[PDB]
Structure formats: C-alpha cells, structure tokens
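Colleague:
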Amino acid sequence: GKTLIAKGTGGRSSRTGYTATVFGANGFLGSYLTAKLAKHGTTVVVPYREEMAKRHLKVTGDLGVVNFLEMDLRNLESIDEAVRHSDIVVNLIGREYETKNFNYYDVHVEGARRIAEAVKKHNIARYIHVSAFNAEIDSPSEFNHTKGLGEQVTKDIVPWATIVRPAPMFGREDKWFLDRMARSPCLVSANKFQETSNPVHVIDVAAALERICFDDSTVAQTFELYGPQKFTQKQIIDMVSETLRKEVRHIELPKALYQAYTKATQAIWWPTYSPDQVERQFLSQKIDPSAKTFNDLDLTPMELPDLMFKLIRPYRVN
Amino acid sequence: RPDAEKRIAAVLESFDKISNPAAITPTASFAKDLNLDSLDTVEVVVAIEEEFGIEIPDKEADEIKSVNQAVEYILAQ
Amino acid sequence: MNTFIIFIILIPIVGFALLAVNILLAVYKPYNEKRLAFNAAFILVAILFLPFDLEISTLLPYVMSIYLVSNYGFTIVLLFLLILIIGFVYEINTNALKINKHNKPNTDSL
Amino acid sequence: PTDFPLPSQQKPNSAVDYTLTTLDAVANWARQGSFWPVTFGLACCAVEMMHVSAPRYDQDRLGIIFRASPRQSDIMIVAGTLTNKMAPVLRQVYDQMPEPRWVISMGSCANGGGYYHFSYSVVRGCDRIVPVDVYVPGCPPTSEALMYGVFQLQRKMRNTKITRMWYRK
Amino acid sequence: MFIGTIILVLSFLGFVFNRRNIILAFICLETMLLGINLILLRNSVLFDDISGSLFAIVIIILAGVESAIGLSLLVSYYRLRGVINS
Amino acid sequence: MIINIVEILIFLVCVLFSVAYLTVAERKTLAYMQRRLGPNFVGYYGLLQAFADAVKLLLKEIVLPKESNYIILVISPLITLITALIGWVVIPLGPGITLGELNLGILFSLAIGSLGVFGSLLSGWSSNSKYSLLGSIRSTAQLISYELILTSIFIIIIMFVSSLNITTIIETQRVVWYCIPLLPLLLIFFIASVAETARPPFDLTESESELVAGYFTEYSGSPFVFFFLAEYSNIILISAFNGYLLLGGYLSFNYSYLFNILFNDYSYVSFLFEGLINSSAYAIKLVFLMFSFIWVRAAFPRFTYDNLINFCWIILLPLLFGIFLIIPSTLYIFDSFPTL
Amino acid sequence: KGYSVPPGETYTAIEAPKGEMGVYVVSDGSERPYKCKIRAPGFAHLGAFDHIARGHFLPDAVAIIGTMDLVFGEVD
Amino acid sequence: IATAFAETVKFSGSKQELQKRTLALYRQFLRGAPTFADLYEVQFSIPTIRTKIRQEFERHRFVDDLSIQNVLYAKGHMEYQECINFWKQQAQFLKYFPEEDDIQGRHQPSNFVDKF
Amino acid sequence: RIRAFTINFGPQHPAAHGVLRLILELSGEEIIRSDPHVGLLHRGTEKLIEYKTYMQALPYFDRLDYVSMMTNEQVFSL
Ligand SMILES: CCCCCCCCCCCCCCCCCC(=O)OC[C@H](COP(=O)(O)OCCN)OC(=O)CCCCCCCCCCCCCCCCC
Ligand SMILES: NC(=O)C1=CN([C@@H]2O[C@H](COP(=O)(O)OP(=O)(O)OC[C@H]3O[C@@H](n4cnc5c(N)ncnc54)[C@H](OP(=O)(O)O)[C@@H]3O)[C@@H](O)[C@H]2O)C=CC1
Ligand code: SF4
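Residue numbers (the deposited numbering), protein chains in the order written: chain Z, 37 to 354; chain G, 29 to 105; chain L, 1 to 34, 49 to 124; chain D, 42 to 210; chain F, 1 to 86; chain A, 1 to 340; chain W, 390 to 465; chain Y, 4 to 119; chain B, 79 to 156.
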C-alpha cells in the first residue's frame, strides 16, 4: 500500500483513502483510536457484536468513515467478509475474563489465528495486533500465558506483525484501573497490596497506535508502551484518595480466601473480577529490554497525577 | 507591617521575569527598578491581592508604583 | 399477631423487592455529566402551621367524648374557639406577599 | 486448555432459541410499548410534533407520553433546525439520559443540515453531535411521517435481541 | 423508667457536649421533652387512668409552641431574611 | 395463620393491580375527555399499558453526583411504603362488615397522611441545587397547609360520630346517608383532597422545565415508578377516605336488602353474596369519585402559589372555623349530642 | 435568473397575528436582494419582556411569555 | 433598564484614559481567572489562564489608533461580560485554548520539504 | 443590600415552541431584574437570502414565524 505526504492533515473530510478495520472497538480502547482515525478522513470498517453498543462510534466522522459488520469469531465467513476490502487492520480483542461460552484460549490465540489467516489469505498490509503487558509464556496468569501464545501465533504466520504491548491503561471509564477507584464500593484485593507498575494514559495509547498504523518501516517490530515516568504501585490509590472521599478501603485479604468471589464471578449476569486478574495482582511489568516505545515513534505520554486531576473530577465532595 | 513584605518579596520572587532577587530592594520601584510592564504591574498587583485574600478598589490599584505603597495599603486590614 | 402486623412487615420487604430488582440488570456505566434567598411567606406559613395543628390535637379528645360533657363542654370549647379565632383575626390582617416594584405618582413640570 | 472446539457459527439469526426469544421479546415488548420521549422541539418540526399530540394522529393511542425531563426519557426526538449555539446543550442533554437511549432526527434540517445547511450558525446535521438510529425526512414531515418513523424504530426494537446477545449469538 | 431517663440524660449531655451545629443542640433540647414523657406515661400506666397523662397531653401541646417559638426566634439569630453582612 | 396471609395477599394484589390499571383508566378518560382515544394498542386489547410500562422503566437507574444516593434511593421508597400502602392498614372500609384492621381508625389514616409530607420534603431536599430546594419548600408548605384543612374537617364530621374506631362511622351513617346529605362541605373536602395528595389542577411544584429542565429531581428508574405508584395509590386511598367518611359506604340497597335478601336466600348460606354487593357499592362510590379527579385534571389550570396560600390561610379556614362554630352549636340547639 | 427587480428601498408592514411584521428590502436592481431585514413582533415583544416582567413571580412569568406570542422561530 | 455585570459603552477621547481603562479591564479580567476555572472546570491551571490572557493582550500591544482601540476595548469588556457568568459554556469556552498537541500527530515542522 | 441569585429558565421545553433560554434573577422569588436571552435559534435567514433569488427566497421566509406561514409569505410578497 502506497500513499501521500504524511498523517496529520489540517481539516476533516480531506480524506485519506486508507481503509482500516478495527476489531472490537465497541468498548474501551477502540473508542479513542477510531476517534483519531475517522477524524482525519479514513474509511473504517468496525465490526461489532451488540447492536445497541455500536452506536456511539458513529459520530466520530460523517459519511462512509464508519461502517458496521456483523462479525463473530466463531464464524469464519464473517471475518472473511470483514477484511476483503480493507487496507490496514488492527485487532484490539479479548475480554479480561472468560464468558459462559469462551475459554481464555481462542479469544486471542485461535481467535487471533482465524483473523490472521484471513489477513494472509487477503495479503493485507500492516497487520497490528495488540497484546497485554507482561505477556509471558509462563503460567501464573493464564491471561498472560494466552497473550504470549497469541503473539507466538501472530508471528508463526504473517511476518507483517506489528505487535504492541500497552501497559495498564488510564482514561475515562477505565475498565479495572479507575472504575475500581471511582465507584469502588470496597476495593479489597491485592494480597501483595502494593507492587504494581506502569500506567499509560489512553489517548496516548491511541496516539501511539495512530502513529504506528500509518507509517511504514516498522513492519515486524514489536512495541511496548511504557509508563512515562513513575511505574508506580497501588500507592497511586492514595493519590486517588487525594480526592477528599478516601473511600478506597483496601482490606488486603488472603489469597486462597479471595478465590471464592472470583468463583462466584462466573455465575453472575455481569463480569466482575475473574481470577486471572487476581493472579496478575501478583505480577508486575516484566519490562522488555528491547522493544521500541513512545520515544521511538516520537511521542511523550502524559504523566499520572495532573491528568488524574481532570480524569477523576466528577467525584469530589463539595 | 512586619514580614508582610516578607510575603510580598516571596510572591514577587516566585513571580518570573525578575532574574535577580538581589535587585529586589524591598523599598524600591517596579517598572524603574525591575523593568516591569504596565500590564505586568497590575498583574503582580492582582497576584498580591490574591495572596493576601484581600480585595482592592480601582484607585488603590491606580496609585501602586512601589511596594512601600503596596505595604501601606496592606496595612489597611 | 396475625391481623395487620403482617401488612406493615410485608410491605417494607416488598418495597426493597421492587427496588432491588433493577439495581442489578439496569445498565449503569456512568460516563460523565450526571448562599440563598427568602421570603416571610415562605417561612411564616409553616411556622404558623404548627399551632393550628396542635389546637386540632387539643380539640380531638373533646370531639372524642362530646358526650359525658353536655351543656358545659360546649361552653368551654366555644370559649376555646373564641380565643383561637381572635388569633385568626390577628393574622388575617397581614400575611401576604407584596409586589415590590409598581410605582404610580403624577408627573410635574416647572 | 490450549485447544479449541468453536466452529463456524451462524450470523445473529436463529429460531432454535429456547426461552430467550420469549423472555427477550417480553422485555422488548415492554420497552416497545410505553416508549416516551423528551421534547427537544426547536422549530416548525416541533409544531408537527405537537400535532402528533393532536387528536387526529394521537400519540397516546400508541403510548407516547413525553415528560419534560432528560432522565425520565427513552428516546430524544431532535426536531427543528439545530443551531451552532445549541449543540453543546443538546449533547449535555444527551449524556444525562439513561443507557437504553435512541435518537430520532425529526426533520430535514436535523439530519444533514437541511434547508439552511450553509449558515455560519447552523450545525450540518445532528450526526456531528449525537448518534441517531432513525432519520425522519423533509421539512416539516407529516404527523404521518413521524409516526411512521416511530413504528420503524419500534420495528428496530423488535430486533434488538439483547438477551440472546448475552448468550453470544 | 430506664427508658425515659436514659433518653433524657443522653439528650442532656448531648446538649452539653455540642461543639458543632446549633440545631442539633436545639433538637436535643426538643428530645428532652419526649424523654420526659416516657417517664410520665409509664408512671400513669403503672398507676391509673388520666391523672398524669393530662399533664402529658399538656406538655405535648406546649412542646409544639416550644419548637414554634424556637424556630421563629432562630430565624432572627442574624439579620433578618438576608442582606449584606461581613 | 394461613387464611390471613392469603387474605393479605388477595388484598395487596387487589390494591396493586388496581393502582396499576388506574393510570390506564385515567389516561383513557382524559383522552375521551380530550376528544381522542387513550392507550388502545398495547398487546391483547389495550388494557395493559401500565403493566408493560412498569417492566419498561425498571432498567434505567441513574444516580447524580450532586446527591447522596442513600436518601433518594429510599425516599421514594418511603412514600411507597408508608403513604401508599400502610394507609390501607386501617382497611378504609374494607368494604364488608369486616376489615383486616382491629380498631381506632380515622386518626391512624390521619397520622400516615401526615407522615407522607416529609417524604415529599426530603425528596425535594436532594441535589443541593439552590433553585430546587426552594421549590421543595414551596411544595411542602402548600402540602401541609392543605393537610391542616383535611384534618380540621374530618375531625368535625366525626362530631356526629364521637367513636374513633373505623366501623362506627359507617354503621352510624347508614341511617341518613349521613355523608353528604346532611352537609355538602364534601366539596371543600374534595377541593382539599386534590391538594394534600397533589394529583391536582394545581401542578404546582411540577414546574417541569421552568427550572433547569427538571422538576422534582428527575430520579428516574425504580424511584420513578415508586413515586408514580405512590402518588396514584395515595389518590385512591384518599379517594377511598372520602368515600369512607364524608362520602358514604354501604349503599341503601343493602338497607333495602331486608326486602331483598329475605326474598332471595333462606338462612345464611355461607354469607355468599352480601359482601360482594357491599364491595360493589363501595367500589362504585369510589371510582365515581375519582372520575371527578380525572375531570379536574383537565378542566382548570395551575394555581399560582401565592394565591394558593391565599386560598388556604384566608378563605377556607375561617369558613371552616365558622362551620364548627355551628355543628357543635346546631345539634346542641335542635335536640342533643351523640353518644359513643 | 429569477427576474428583474427595479432598484431602491422599501419597507412594508402588515399585522401578522403576533403583531406588526415589517419587511425591509433594499433591492440592488438585479436578480437577488441586496439586503433583506425582517422585523418581528416576537423580537420586539421579547425585547420588552424585562420591562414588563418586574414585580411578579415565576408562574406569572410563564403566562406572560405566552401572552405576548413568544414563538422563537421569529427571533432573527 | 438593566445590566448584567455593568457593561458600559462610552468611548473616551484621550489615549491615556483609554490606557487606564484597558488596564482596569485587564485587572478584572485577570482577577476572574479562579472564578473561570471554578465555573468551567478546565484541566489546565490558573497560571495557564493568566499567561494566555497576557498573550491575548500582547496580541494588540502595537495597535496605533485609539479609534481602533475603542472597539477592541468593547470586545474585551464584552467578552469579559460573557465570561463572568455562565453565558459561555465550556465547549464554547475552549475556543481560546489550543491546549493539546497529541490531537495532531506528526505534522508540519514549518519546513518547505515537508509541505510535500 | 440586595444579594440576589439567578436561574436559567428553559433549555428545551419550558414554553413549547420556544428555545427560551431566559437568564432570570430573583431576590424573593421576585423578578427584580429580567434579562431575556433569546437567539439560540439564529438560523441566519437574514444572511442566506442575500445569495438566493426572489422565487428562492420565499421558502426561507415562512420558516420564520412557523405558526403563521402564508401570512409571512404574504408580507414578503407585498
Ligand atoms: C347554609 C346551610 C348549610 C350550612 C352548612 C354549610 C356547608 C356548605 C358547604 C361548604 C361551602 C362551600 C364553600 C366553597 C369555598 C370556595 C370559596 C372560593 O373558592 O372562593 C373563591 C376564591 C377566589 O379568589 P380571590 O380572588 O382571592 O377572591 C376575591 C375576589 N374579590 O378562591 C379561588 O381562587 C377559587 C379556587 C377554587 C378552585 C376549585 C377548583 C375546581 C373545583 C371543582 C370540583 C368540585 C366539583 C365536584 C364536587 C361537586 C359535587 C356536587
Ligand atoms: N487490564 C486491561 O484491560 C488492559 C488492556 N490491554 C489489551 O487492550 C485490549 C483492548 O482493551 P479494552 O479496550 O478494554 O477491551 P474491551 O473492554 O473494549 O473489549 C474488547 C471488545 O472486543 C469484543 N470482543 C472481541 N472478541 C470477542 C470475543 N471472542 N468474545 C467476546 N467479546 C469479544 C468485546 O465484546 P463484544 O463482542 O461484546 O463487543 C469488546 O467489546 C485488550 O484486549 C487487552 O489485551 C492491555 C493492557 C491492560
Ligand atoms: S427541517 Fe424543515 S420544518 Fe424543520 S426547522 Fe428545518 S426547515 Fe423547518
């Protein structure tokens, strides 16, 4: 795929011609990247699974820049159809919990293998696959085990594999980084009640994914999106409780006693706090020595606290 | 009066564009001594009234040219 | 037991029931975007509300046993209502809001 | 783990659904039955909206009983043209509105800018502001037209399939 | 008569140690007048028909006017309805 | 023990199913009164709209950062519990001889109709909005000012009764059809009855978008159906309460049933029928009453708070104190007092 | 091309049922009007509203909006 | 027959008097900055407001004619009028604040080579 | 001295057929100062018919005053 001058234009509907396809994108991260992507005149095929949740991604652009397809990772034909006409494709995918119909396997391994097989069958340039921080092949968080397997499969076939490993993210409606800070009825977990690592702001993640998804000369490199400075622990909860309510109330329960709530979690209508999250609370950022970052793609991601002042401020006392 | 101008020579020192605090004699000018702009003059006046949590009228803002005048109006409460 | 205690005990649990149905299955996802003044007639109405309640509380035992006090409880409560109705004829003279700004004076020239 | 059974499945289209079509259609029928908006009502198209409250093409023969309050509402009929000046107030109304929310663009001006569309002070369609689920064409669309759009929205509601989408069809 | 003395004493030493919120003091002084009636009513029940309960209906009717004068006087703890002051 | 819990379930399902279809009923009768047709589409006939609307508006549930959830998640449940339902503890002529209530009737209904008012006030206390709580204090002030002249008139109509248990009013009133035929201040009771349970021609604190696009708080979700159901249930309770004392239960065809049941049944076949016609009597005296509420919804417009307090503390209350300067007087004059 | 209009100014007012509507048109002498200024009673009565509304209450003001025909599609 | 925050329109003659008048306007427009940050809930700090207000007045330091400076004074005092209360909304209010860089991505480094 | 507060009257539906943004100030729930605030609906017809022809002008022109349509047509035509 060949293009013209650069990414950043100065006006909407001065359209590019880049035809992207973003998997997932109904939820958290995929809001802001297609918000950055349809802002500057690119056609987006965004497939979905729930009709009522796909709506608020339409207003990012005006016409032909948002499209809905009815994918499902079970159906080969749906994903086959989904990227026939595409030019670049990203998949942010993968719940932080198993469903009542999905394993942790085959939501980013064979779910990834199907779509990457469609990529190879369609010769799609610039396949970008997100994957988790701390994506090892070791056991202890089988989430991380499965993301390592997914990166292995995306490197098995398709050398066009720009793998990106963001840190724990930080934005509006943070699924399990600040919703467990903001609502937070009793945030209670972390047997090791400290000793977490790098936060990254979400619009900086989206800017990183935007500045990777258009430039060339970055095929088959893997990125890790480090936190800017602080790599800080659960002491940021204290900065979260710098807001006057201080309702955070960490009660530092025993480990095997904490499992039962997670084993309750499979029975519930809505997802809560499945045990691979509890296992990742014993992990940290096993930071890759050799993976290109924001300084390679020429960005400086924003710091934690002053952005947290904006980001949590409905929730003050007076 | 005593150590009110300590606070004032703390605020004006914390204010930028004055590279020499040794050039800040307390009983001294603003625009002659330090080359403060007439805009920046009332800028640091509003900084002073915001530090002490006090509100000034318009003519009191008109007459301030040196900080001895400022301390003399600070003395009014 | 067994008569209406069941009603005043069943009903709070029914209230918590129809409350606690949709606390779970309604979608929340709360995104974002979710001294004073006065008048005399906003205050004195409720202040003067109270004595005219508890004179009815005064009147309520009398109207319970209107009998066993014949020819005489009538006289006492007529005196009570006279002493109260003169308080009413005090308060009829004053309690109303006043429109502050409406002027009419004739105009003069030199 | 490490292995996968999951085959090539159908589109969201089915008929073998035990009990979930029934329960989902009950909840969907409840949502499809009452269906009240909040008036936003900006111009001439609001005069036709209040003609739907007129006795000829009555709202209340269907259930449309609108409150004047964005929390007690379901769908938000944007009628009339939409100024540049209004649009932040409109999105702020849109956000304080519960999650099963839809938007009807009533009137040509409300979608794709309509008859002005070339003003400095008009918004070129509410697609630049709020996500819309049913459009309604034309300067003032008929009371017929608004009710036809309402029935088409309810026909969309009859395909929401939310409970069996919890089942991941 | 535990039931009335305990609520009376707690209202009383709540009215003592009340270094916050003038109206909590004011309503503790109110609740004294229903801490006393739980004494009075059960003494009347342990005795008889209406001897002390007449004083009970008196103290209820008068406790109303207590709270009425207390509100309508607390309104004038300041200037009246509202003006500039300090 | 089993018979009374199935009794109480029958009575609760009667009142709940009743107040459910009442909103459809009033909307239909407004609609025919507004020369249109009401909910004519819902499902199977068109009798079902509220019964689907309840399931509809459960599943919304917002909260507001301007207010503690702990008060507004309970204060519309407060008036749902106390104002709506346990006013029926008095069993306001549960229309037979029998009730589900022991005794000491009318002032219990007084106490609970009194108890609803700060359920309204603390509801309006919420959100700390300087334009809201003054409207709340307005609503509650007019609410108590017409509570007072419900109170001071149904204590004077029981001066023809003197017995405070619930039934004795009703067995007293069957001789004269005492309720309205001896005194027409029913009508001012009626015009008091629209205010103390505001479903009114007054609509006064329902300045729906005169404030910042919200009237009460807009506590939508389960508190909305709580407030909605409790307002309508307070309406049918106070309407029953009108049909309790100052309108009559026990219609005179049951007094004539001496000339009917003695021509119908032989001797006490399980009391099979008389409670049913007695219920029929009380029901047709109750729904015909609230049909006038649904009139006065759509006949006369809102009523202008300063004039509303004018209408309380200047006109109706001195007429009232005259009227119980004469009803102690006139029975003392003509013959004599009532016993108990 | 529309049509020819002779040049010059005019103003014409009729009583619309909301009040005197005036139309002030400066015609170029060409196909298109060089200036048109409307004049609306709903823009004058709205202007008078502050001088009228003083010394009332808010439910007075709700009625006094509707009396002077304040349909705001005749503002500009 | 009213005001909202005492907007007056009377242009003086002498440039010294207009200088003093714009100076007092600058004081009120600077003093209202924590009231602005309260009122609109911006992300940036009050000194960001102050340096941008100073930037806006340094945009018109070297304007010659007092009979241009009159309507510049009217624009300044009038937008102070529409900022001192809640006429402007925060979406209307951010039109003064090119705050963030990351919206743009990589862009023009003001070289001729990268116009192409 | 007077210490009065203010309200915003109608964002959307206070008076029907009007976007009546009225910034209204009260002392004792008395409208001591009234500041109507209209102009939310400045659709700019007054600009737009400077580039339209006269036959084209009229369906702009009864979009003003949308409850008395052909009377507004008639005043433009006169
Ligand atoms: C004599 C022998 C018998 C002795 C016993 C006597 C018992 C008689 C029965 C009670 C007497 C009825 C008294 C009725 C009181 C009503 C008085 C009243 O409303 O005054 C009007 C007043 C007008 O306001 P204002 O301007 O302040 O007046 C000054 C004008 N210079 O106030 C107002 O603003 C008017 C507001 C009224 C709102 C009413 C709304 C509609 C109500 C109609 C529904 C009732 C119909 C259904 C019931 C009828 C059944 C037949
Ligand atoms: N703690 C964290 O969350 C972190 C996130 N990441 C990575 O970022 C990626 C995106 O994060 P985030 O925006 O929060 O993801 P989302 O919470 O937004 O969910 C991803 C979307 O894809 C859908 N989806 C795709 N495939 C499936 C499938 N087989 N089964 C069920 N749902 C599927 C999901 O549900 P639906 O089908 O209903 O649309 C969802 O809508 C994550 O996948 C994660 O690997 C990395 C660092 C930290
Ligand atoms: S869409 Fe048509 S009817 Fe509606 S405001 Fe625009 S011009 Fe008027």
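Note that beta-carbon positions come from the ideal geometry of N, C-alpha and C, so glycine has one too.
Relative to ligand 3, is the shortest distance from any of its heavy atoms to the C-beta of D/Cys-86 smaller than 7 Å?
Modeller: D/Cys-86 Cβ: within cutoff of ligand 3.
Colleague: Curious, which full-length alpha helix (DSSP H) runs of at least 4 residues does the region 131-159 of chain Z contain?
Modeller: Runs found: 146-158.
Colleague: Kindly indicate if chain B contains any beta-carbon less than 8 Å away from that of D/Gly-166.
Modeller: Judged by the 8 Å Cβ criterion, D/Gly-166 is not in contact with chain B.
Colleague: Is the closest heavy atom of ligand 1 to the C-beta of A/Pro-201 under 7 Å?
Modeller: Yes.
Colleague: Nearest to A/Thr-197 by alpha carbon, out of A/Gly-100, A/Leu-316, A/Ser-252 and A/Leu-150?
Modeller: Of A/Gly-100, A/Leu-316, A/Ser-252 and A/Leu-150, the residue nearest in Cα terms is A/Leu-150.
Colleague: Using beta carbons (cut-off 8 Å, strictly below), is W/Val-460 in contact with chain A?
Modeller: W/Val-460 does not count as touching chain A.
Colleague: Ends of the beta strand (DSSP E) at W/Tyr-423?
Modeller: Start and end: 422-428.
Colleague: Which chain F residues are close to B/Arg-81, counting only those with a beta carbon under 9 Å from its beta carbon?
Modeller: What B/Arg-81 touches in chain F: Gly-82, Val-83 and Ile-84.
Colleague: Taking just the CA atoms, how far does G/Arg-29 sit from G/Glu-71?
Modeller: Going by the C-alpha atoms only, they are around 22 Å apart.
Colleague: Looking at A/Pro-65 and ligand 4, is the gap between the Cβ and the nearest heavy atom below 7 Å?
Modeller: Ligands in the displayed structure: ligand 1, ligand 2 and ligand 3; ligand 4 is not one of them.
Colleague: Spell out whether any CB of chain B is found under 8 Å from the CB atom of L/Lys-115.
Modeller: Yes, its Cβ sits closer than 8 Å to a Cβ of chain B.
Colleague: Determine the DSSP secondary structure at A/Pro-92, reduced to helix, strand or coil.
Modeller: A/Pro-92 falls in the coil class under three-state DSSP.
Colleague: Counting only Cβ-Cβ distances shorter than 8 Å, please list the residues of the region 70-95 of chain A near chain L, keeping chain order.
Modeller: Residues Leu-73, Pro-77, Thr-80, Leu-81, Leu-85, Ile-86, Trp-88, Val-89 and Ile-91.
Colleague: Do Z/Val-95 and D/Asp-168 have their C-beta atoms closer together than 8 Å?
Modeller: Cβ atoms of Z/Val-95 and D/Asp-168: closer than 8 Å.
Colleague: Which stretch, first to last residue, makes up the alpha helix (DSSP H) that contains A/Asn-4?
Modeller: Segment 3-33, the alpha helix (DSSP H) holding A/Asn-4.
Colleague: D/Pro-78 by DSSP, collapsed to three states: which one?
Modeller: Three-state DSSP puts D/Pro-78 in a strand.
Colleague: Roughly how many angstroms lie between the CA atoms of Y/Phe-96 and Z/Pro-307, to the nearest whole one?
Modeller: The alpha-carbon atoms of Y/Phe-96 and Z/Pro-307 are separated by roughly 39 Å.
Colleague: Does the region 203-218 of chain A come within contact of the region 103-123 of chain D, defined as at least 3 CB pairs closer than 8 Å?
Modeller: The region 203-218 of chain A, when compared against the region 103-123 of chain D, does touch it at the 8 Å Cβ threshold.
Colleague: Along chain W, which residues have their Cβ under 7 Å away from the Cβ of B/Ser-112?
Modeller: Near B/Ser-112 (Cβ distances below 7 Å), the residues of chain W are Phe-438, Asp-439, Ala-442 and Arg-443.
Colleague: Look at D/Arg-102 and A/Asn-40 and say whether their C-beta atoms are less than 8 Å apart.
Modeller: Yes, the pair counts as a contact, with Cβ atoms nearer than the cut-off.
Colleague: Do A/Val-287 and ligand 1 come close, with the Cβ less than 7 Å from some heavy atom?
Modeller: It does not: the Cβ of A/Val-287 is nowhere closer than 7 Å to a heavy atom of ligand 1.
Colleague: As a quick exercise: from F/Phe-26, F/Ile-6 and F/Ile-7, pick the residue whose alpha carbon is nearest that of F/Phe-15.
Modeller: The option with the nearest alpha carbon to F/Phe-15 is F/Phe-26.
Colleague: With H, G and I counted as helix, E and B as strand and the rest as coil, what does DSSP make of Z/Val-241?
Modeller: Here Z/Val-241 sits in helix by DSSP.
Colleague: Can you tell me whether W/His-440 is helix, strand or coil according to DSSP?
Modeller: Residue state, collapsed to three classes: helix.
Colleague: Hey, is D/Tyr-176 close to ligand 3, as in C-beta under 7 Å from one of its heavy atoms?
Modeller: Result no, Cβ not under 7 Å from ligand 3.
Colleague: Anyone know if the C-beta pair for G/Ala-37 and G/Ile-52 falls short of 8 Å?
Modeller: Cβ atoms of G/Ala-37 and G/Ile-52: closer than 8 Å.
Colleague: Taking only runs that begin and end inside the region 56-143 of chain Z, name each unbroken beta strand (DSSP E) of 3 or more residues, in chain order.
Modeller: Complete beta strand (DSSP E) runs here, min 3: 79-83, 103-105 and 124-127.
Colleague: Taking 7 Å as the line, does the beta carbon of A/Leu-319 fall inside it for any heavy atom of ligand 1?
Modeller: Yes, the beta carbon of A/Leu-319 sits closer than 7 Å to at least one heavy atom of ligand 1.
Colleague: Please classify B/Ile-80: does DSSP put it in a helix, a strand, or coil?
Modeller: B/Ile-80: coil per DSSP, three-state reduction.
Colleague: Quick check on B/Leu-102: does DSSP put it in helix, strand or coil?
Modeller: Strand at B/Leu-102.
Colleague: Express the C-alpha separation of F/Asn-43 and F/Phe-17 in angstroms, rounding to a whole number.
Modeller: Going by the C-alpha atoms only, they are around 30 Å apart.
Colleague: So does the region 89-103 of chain A actually touch the region 129-144 of chain A, counting three or more Cβ pairs closer than 8 Å?
Modeller: Short answer: they don't touch.
Colleague: Does any residue of chain A have a CB that is nearer than 8 Å to the CB of B/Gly-88?
Modeller: At least one chain A Cβ lies under 8 Å of B/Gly-88.
Colleague: Is the Cβ of L/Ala-51 closer than 8 Å to any Cβ of chain B?
Modeller: It does: the Cβ of L/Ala-51 has a partner Cβ on chain B nearer than 8 Å.
Colleague: What's the gap between the Cα of Z/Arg-51 and the Cα of G/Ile-46?
Modeller: Taking the straight line from one Cα to the other gives about 49 Å.
Colleague: Measure the C-alpha to C-alpha separation of L/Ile-8 and A/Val-55 and round it to an integer number of angstroms.
Modeller: Approximately 25 Å between the Cα atoms of the pair.
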